[PDB]
Structures are given as C-alpha cells and as structure tokens.
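For reference, the structure discussed in these notes is given below.
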Ligand SMILES: *[C@@H]1O[C@H](CO)[C@@H](O[C@@H]2O[C@H](CO)[C@@H](O[C@@H]3O[C@H](CO)[C@@H](O)[C@H](O)[C@@H]3O)[C@H](O)[C@H]2NC(C)=O)[C@H](O)[C@H]1NC(C)=O
Ligand SMILES: *[C@@H]1O[C@H](CO)[C@@H](O)[C@H](O)[C@H]1NC(C)=O
Ligand SMILES: *[C@H]1O[C@H](CO)[C@@H](O)[C@H](O)[C@@H]1O
Ligand SMILES: *[C@H]1O[C@H](CO)[C@@H](O)[C@H](O)[C@@H]1O
Ligand SMILES: *[C@H]1O[C@H](CO)[C@@H](O)[C@H](O)[C@@H]1O
Ligand SMILES: [Ca+2]
Ligand SMILES: [Ca+2]
Ligand SMILES: [Ca+2]
Ligand SMILES: [Ca+2]
Ligand SMILES: [Ca+2]
Ligand SMILES: [Ca+2]
Ligand SMILES: [Ca+2]
Ligand SMILES: [Ca+2]
Ligand SMILES: [Ca+2]
Ligand SMILES: [Ca+2]
Ligand SMILES: [Ca+2]
Ligand SMILES: [Ca+2]
Ligand SMILES: [Ca+2]
Ligand SMILES: [Ca+2]
Ligand SMILES: [Ca+2]
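In PDB author numbering, the protein residues as written are 3 to 28, 33 to 529.
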C-alpha cells in the first residue's frame with residue numbers, strides 16, 4: 003500500500019492508518039521491520055495510524071529527485087508474513103535559492119559594442135518543481151538589460167545585454183542587483199550584488215593643458231635653468247596614460263639651445279642666448295602615450311634685451327696739431343657713437359669732462375663734434391689731455407672711454423728778445439785788424455724756424471758810410487767784429503743798432519742799441 007506525507011512536519015503527524023489497511027482492531035505485537043541509521047516513524051496505538059517521529063527533509067534524502075519515496079516493511083507477530091508499504095514525501099517551499107558567492111563581477115571592455123550578452127551567475131534551489139527556481143529579475147540600468155534563456159530542461163540561463171556603450175573615463179565600475187525567484191508561494195528570493203568592471207581601451211589621446219606655452223626671459227639666462235613645465239592629459243590607465251615629450255623641430259639649432267625632459271616635460275636652457283642674434287624662438291613639441299596616440303602644442307620663447315654691451319665710438323676726423331691762432335669754435339674732433347643694445351640700453355651720452363678749453367657739441371643725430379672754447383697759446387701749454395666719456399643710459403651703466411692728446415702748432419707771434427735792453431763794450435786804442443770784440447745773445451719764445459735768430463746791423467752812414475768797414479757781425483756767431491784799428495783821437499764812441507729777425511715768413515724783428523767805447527793809452 004502507498005501513502006504520502008508533507009516534508010518537515012512535526013513529530014506525530016497524520017499518515018495513512020495501518021490497522022484499517024491490514025484488517026485488525028487497534033496484543034498484536036506489531037513492529038517496524040526496516041532499519042535506518044535513525045528512524046523517523048512510529049505507529050500510534052491511539053488511532054492505529056503511523057505517525058512520524060522525526061523531521062523529514064527530502065532535500066537531505068532525495069535532493070533533486072522529483073519523487074521521494076520511503077518504502078519499508080512492517081511485521082505483525084500474530085501472522086507469519088510481513089506487509090510492505092511505501093510513503094512518498096511531497097515537497098514544500100522552505101529553501102531559498104542560493105548563489106555561489108555574495109559578490110561576483112563581470113569584465114567588460116570599453117570597446118564593447120552594444121548588443122553583447124554576458125553570462126550572469128546562475129543560482130540553485132534545493133526544492134523541486136514549482137518550489138524550485140523559477141525566474142530572475144535585473145535592476146534597471148541605462149547601460150544594461152536582462153536576457154533569460156528558458157529551456158526544456160527547466161533550467162534558465164541568464165545573461166546581461168549591453169544597451170549603451172561603456173566608458174571607463176566617466177565611471178570605472180557599475181553596481182547592479184540580480185534577484186532570483188522561485189514559484190512556491192510564499193515565494194522565497196535571493197539578491198546578488200554584481201559589479202561591472204570596465205576594461206581600458208587606448209581611446210584617449212594626450213591633450214596639452216594650453217595650446218600655446220609662452221615664456222619671456224632675459225638674454226643673460228644661465229644654461230641649466232628651468233624655462234617652463236609642459237603637461238599633457240591622458241586619462242587612460244597604464245602605459246596608455248603615460249606621456250613622453252619630444253620636439254617636432256628636430257634639425258635646427260634650437261634643439262641644441264633647449265632641453266626637454268622626455269618624462270617630466272620640463273623646458274630648460276642648454277646654451278646661452280643673445281637678444282641681438284635672435285629673440286623669437288617658436289617650437290612645436292609633441293607627447294605620446296603607450297600607443298601611437300600623440301598630441302601637439304606650441305612653445306614660444308620671447309627674449310628681451312639686457313645691458314651687456316658697451317658703446318662704440320668711430321672717429322671720422324682728427325686734428326692733433328691745430329694752429330695757435332685758431333678762433334674759439336674750430337673743430338678738433340669729429341666722431342659718432344653707436345650702442346648694440348636697444349632702448350634705454352642703446353641710448354648714448356657722450357660727455358667730455360667739463361674743462362674751460364674745449365666743449366663738445368651734438369651737432370645732429372648721435373654724431374658728436376668736439377670744438378674749442380678759447381684761443382690757445384703754446385708758450386703756456388703746448389699739450390692737452392682729453393678724456394671723452396661715453397656712457398649709456400641703461401642700468402647698470404656701461405661707459406667706454408676715448409683719450410685724445412692734443413699738441414698745438416706754432417704760429418709766429420713772438421719776436422726775438424736780446425739779453426739786455428742796451429749793451430756796452432770797452433776796447434783800448436790798439437785793435438788787431440778784424441778781431442772779435444763782443445758777444446750778444448738773443449732768444450725767441452717760439453719753436454724751430456720762428457726761433458732762429460738772423461743778426462743784422464742798421465745801415466746809418468758814418469762819415470763815408472764805413473759801418474760795414476768799421477764793424478761786422480755774423481748771422482749765427484752773435485759776435486761783433488772790429489775791422490780796423492782805433493785811435494781815441496779820431497773816434498771815442500760809436501753807437502750802432504743790432505737787429506734780430508726770426509727766419510720764417512712772416513718774420514719778426516727787434517733792434518737794440520749797442521755802444522763801443524774806446525780807451526785811451528800811452529800814445
Ligand atoms: C697727459 O697724461 C700723460 C700720461 O697719462 C702724460 O704723459 C707723460 O708721458 C711720459 C712719456 O712721454 C711718461 O713717462 C716718461 O717717459 C719717458 C720716455 O717717453 C721716460 O724717459 C721717463 O722716464 C718717463 O717714464 C710720463 O710718466 C707721463 N706722465 C706725466 C705726468 O708726465 C702727460 O704729461 C699728460 N699731459 C699733461 C699736460 O699733463
Ligand atoms: C727798432 O725798435 C723800435 C722799438 O723796439 C721800433 O719802434 C722801431 O720800429 C724798430 N726799427 C725798425 C726799422 O723797425
Ligand atoms: C525576495 O523577494 C520575495 C518576493 O518579492 C520576498 O518575499 C523576499 O523577502 C525577498 O525580498
Ligand atoms: C539583496 O538583499 C539581501 C538581503 O536579503 C542582501 O544580503 C544582498 O547582498 C542584496 O543586497
Ligand atoms: C771773438 O773772440 C773774442 C775774444 O774776446 C770774443 O770776445 C768774441 O765774442 C769772438 O768770439
Ligand atoms: Ca526542505
Ligand atoms: Ca523543501
Ligand atoms: Ca525555493
Ligand atoms: Ca573613453
Ligand atoms: Ca579609455
Ligand atoms: Ca592614451
Ligand atoms: Ca647680448
Ligand atoms: Ca644685449
Ligand atoms: Ca649698452
Ligand atoms: Ca703764441
Ligand atoms: Ca694724437
Ligand atoms: Ca708761438
Ligand atoms: Ca719768433
Ligand atoms: Ca791816443
Ligand atoms: Ca794812439
């Protein structure tokens with residue numbers, strides 16, 4: 003005979019009455039013939055019906071078998087043969103479906119196109135039939151949907167559908183909930199936390215912060231200094247987010263002038279710069295990632311001038327000797343100045359040290375003309391030390407120095423002068439014919455020919471004009487010559503005038519009286 007029983011029922015539950023099926027009143035000495043490790047059954051003498059004495063969990067008995075049966079024999083001592091019975095447990099919904107873990111994740115790439123279905127974790131329910139697993143439901147998401155594959159086997163395969171393309175740069179991971187439902191009401195359920203991990207595709211190219219990097223630096227800039235810093239943006243991950251910087255202008259000398267750190271992207275100075283050589287350095291640099299993805303930006307170096315140059319004087323006209331008769335205003339120097347620098351560093355101030363003798367005049371533009379201020383006189387000063395100082399107007403100031411030595415020429419304006427205003431010479435009567443009797447000296451302040459004395463004598467006729475016959479002088483000896491002997495009784499004294507003239511045109515002359523006195527002797 004067969005019967006049934008609900009699972010997990012308390013001890014003493016109703017089972018098909020045994021006595022009414024055997025054919026005897028509720033003495034009999036009847037006992038159960040089966041043998042288990044433990045037994046869950048015991049017949050009740052109160053009603054003659056078997057009542058279970060232990061909790062029945064067919065999940066711990068038949069597991070997933072659709073029909074769970076417990077067939078056992080029973081023994082009646084009144085008779086000589088046994089009676090075989092069989093009781094099939096039914097299934098109730100007490101177990102909830104279970105997943106493999108509390109947290110499971112699915113890897114999805116960034117390049118994954120919409121329409122891709124990814125396997126979802128499949129749950130398990132110990133129950134059988136309606137009480138077993140029935141359906142799934144997925145939390146709504148803008149990027150995903152749910153897809154179920156029910157089968158003839160009764161098992162459903164769940165998988166998610168990609169609705170919108172994913173992007174890790176906006177959000178790396180998603181958080182969704184997958185719920186599992188059975189059919190045995192009161193229905194159990196099981197939620198499951200799923201994380202959508204987005205992989206990385208190299209779809210981000212490096213993009214520099216600014217499209218143009220600008221720096222303004224002086225020319226005196228020391229090599230090894232840090233010009234600037236260049237940064238590029240790559241939101242990717244790993245080598246796809248790494249940056250490497252290098253110039254695109256690879257052949258010109260600018261590559262030798264600057265240094266660009268391949269990693270840090272620092273623009274530094276390698277060689278000294280010069281505003282006069284070149285002040286506009288336009289270059290184009292480029293950054294790359296792990297792949298061939300690259301970005302460009304322009305770096306512009308602007309150099310500015312610095313006072314590191316001295317003024318340069320070029321002389322056009324020089325007149326080292328000047329005539330002493332020069333009026334105040336005659337030029338003695340003609341030159342100009344020019345600085346290599348620009349602006350206030352290029353303006354020049356040509357200043358002679360203020361002296362009374364000369365003055366400097368800025369005739370036109372920056373051409374300078376050095377002139378005189380008074381009349382010169384080489385008998386008081388024949389030499390002049392001139393120091394023209396050309397200082398630029400920048401800061402700090404740089405001054406070049408031009409030295410001129412000025413020797414004035416000789417113009418004959420000074421006549422020769424004798425040693426005395428008047429000379430007197432004594433000689434006794436006896437006079438050896440043609441002998442020299444005196445010595446007269448003269449001097450001239452001028453130089454060279456304008457100081458060369460040419461001695462002469464006035465031509466006033468003594469009786470018969472023996473001025474030449476009486477006396478003679480040589481142009482250079484400066485000595486007097488008595489030609490004839492003298493008697494105190496013919497003449498006593500003779501007055502002449504000696505002349506001195508400088509031998510150069512125009513000549514300057516000077517006469518001075520000179521008297522010869524004879525002396526008386528024993529005639
Ligand atoms: C303007 O300044 C210059 C120098 O800055 C003065 O020149 C003088 O020149 C002589 C040489 O010409 C200097 O030395 C001497 O040299 C001769 C040979 O030439 C030598 O024999 C001597 O033993 C001596 O070393 C001299 O030192 C130099 N300075 C002075 C003060 O005489 C020139 O005199 C200056 N002009 C005026 C108007 O002061
Ligand atoms: C001689 O000297 C006097 C005074 O120095 C001068 O006045 C006179 O003109 C001179 N004689 C001649 C011929 O120049
Ligand atoms: C899963 O869902 C069932 C039915 O919605 C609930 O009864 C259960 O408590 C869990 O929330
Ligand atoms: C769904 O809800 C259960 C509670 O029944 C959680 O344990 C689970 O992690 C998910 O959040
Ligand atoms: C000729 O010699 C006489 C001798 O007294 C000098 O006085 C004169 O100057 C000249 O040289
Ligand atoms: Ca159970
Ligand atoms: Ca069950
Ligand atoms: Ca269930
Ligand atoms: Ca992206
Ligand atoms: Ca990416
Ligand atoms: Ca990248
Ligand atoms: Ca320079
Ligand atoms: Ca300069
Ligand atoms: Ca300068
Ligand atoms: Ca003079
Ligand atoms: Ca000179
Ligand atoms: Ca003179
Ligand atoms: Ca003279
Ligand atoms: Ca005499
Ligand atoms: Ca005599």
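We treat Cβ as the ideally placed atom computed from N, Cα and C, and that holds for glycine.
When rounded, the separation of the alpha-carbon atoms in residue 135 and residue 208 is 50 Å. For residue 508, the uninterrupted beta strand (DSSP E) segment begins and ends at 499 to 508. About 5 Å separates the CB atoms of residue 255 and residue 289; that is less than 8 Å, so the two are in contact. Contact annotation, residue 64 with residue 97: C-beta distance approximately 6 Å; criterion of less than 8 Å satisfied. Excluding five sequence positions before and after residue 168, the CB atoms of its chain that fall closer than 8 Å to its own CB belong to 114, 118, 119, 120, 121, 122, 123, 124, 149 and 150, given in chain order. The bridge partners DSSP lists for residue 79 are 90. Just so you know, the alpha carbons of residue 35 and residue 132 end up roughly 40 Å apart.
The closest heavy atom of ligand 3 lies less than 6 Å from the beta carbon of residue 193.
In the structure shown, residue 22 falls within a helical segment according to DSSP collapsed to helix, strand and coil.
Going by beta carbons, residue 343 and residue 372 fall inside the 7 Å limit. For the pair residue 479 and residue 500, the Cα-to-Cα distance works out to about 15 Å. Membership of residue 168 in the beta strand (DSSP E) is indicated by the continuous run 163 to 168. CA-CA distance, residue 487 to residue 442, rounds to 4 Å. Per the C-alpha coordinates, the member of 330, 408 and 403 positioned closest to residue 379 is 330. If you compare the alpha carbons of 356, 39, 14 and 46 with that of residue 79, the shortest gap goes to 39. Assigned with DSSP and collapsed to three states, residue 43 falls in coil, not helix or strand. For residue 475, the three-state secondary structure derived from DSSP is helix. For residue 489, there is no enclosing beta strand (DSSP E), as DSSP marks it with neither H nor E. By the C-beta criterion, the segment 315 to 327 is judged not to be in contact with the segment 225 to 237, since fewer than 3 inter-stretch pairs fall below 8 Å. In this chain, the alpha helix (DSSP H) harbouring residue 262 covers 260 to 263. The DSSP-derived three-state label of residue 407 is strand. Residue 416 and residue 357 have their alpha carbons spaced roughly 29 Å apart.
Take residue 362, set aside five residues on each side of it, and the residues of its chain with a beta-carbon closer than 7 Å to its own are 379 and 380, in chain order. Per DSSP, the continuous beta strand (DSSP E) segment holding residue 301 begins and ends at 300 to 310. Taking all protein chains shown into account, residue 424 has 16 or more neighbouring C-beta atoms within 10 Å of its C-beta and is therefore buried. Three or more beta-carbon pairs drawn from the segment 389 to 398 and the segment 347 to 357 are found closer than 8 Å, and the two stretches are therefore classed as touching. In the structure shown, residue 248 adopts coil according to DSSP, grouped into three states.
DSSP lists 378 as the bridge partner or partners of residue 364. By the 16-neighbour rule on beta-carbons within 10 angstroms, residue 173 is exposed. For residue 281, the shortest separation between its Cβ and any heavy atom of ligand 13 lies below 6 Å.
When the five nearest sequence neighbours on each side are left out, the beta carbons in the same chain lying within less than 6 Å of the beta carbon of residue 414 are those of 328, 330, 382, 384 and 388, in order along the chain. In the structure shown, residue 288 adopts extended strand secondary structure according to DSSP, grouped into three states. Judged by DSSP in its simplified three-state form, residue 351 adopts helix. Taking residue 348 as reference, the option from 304, 281, 515 and 505 with the minimal CA-CA separation is 281. In the structure shown, residue 101 adopts coil according to DSSP, grouped into three states. Under DSSP, no beta-bridge partner is assigned to residue 211.
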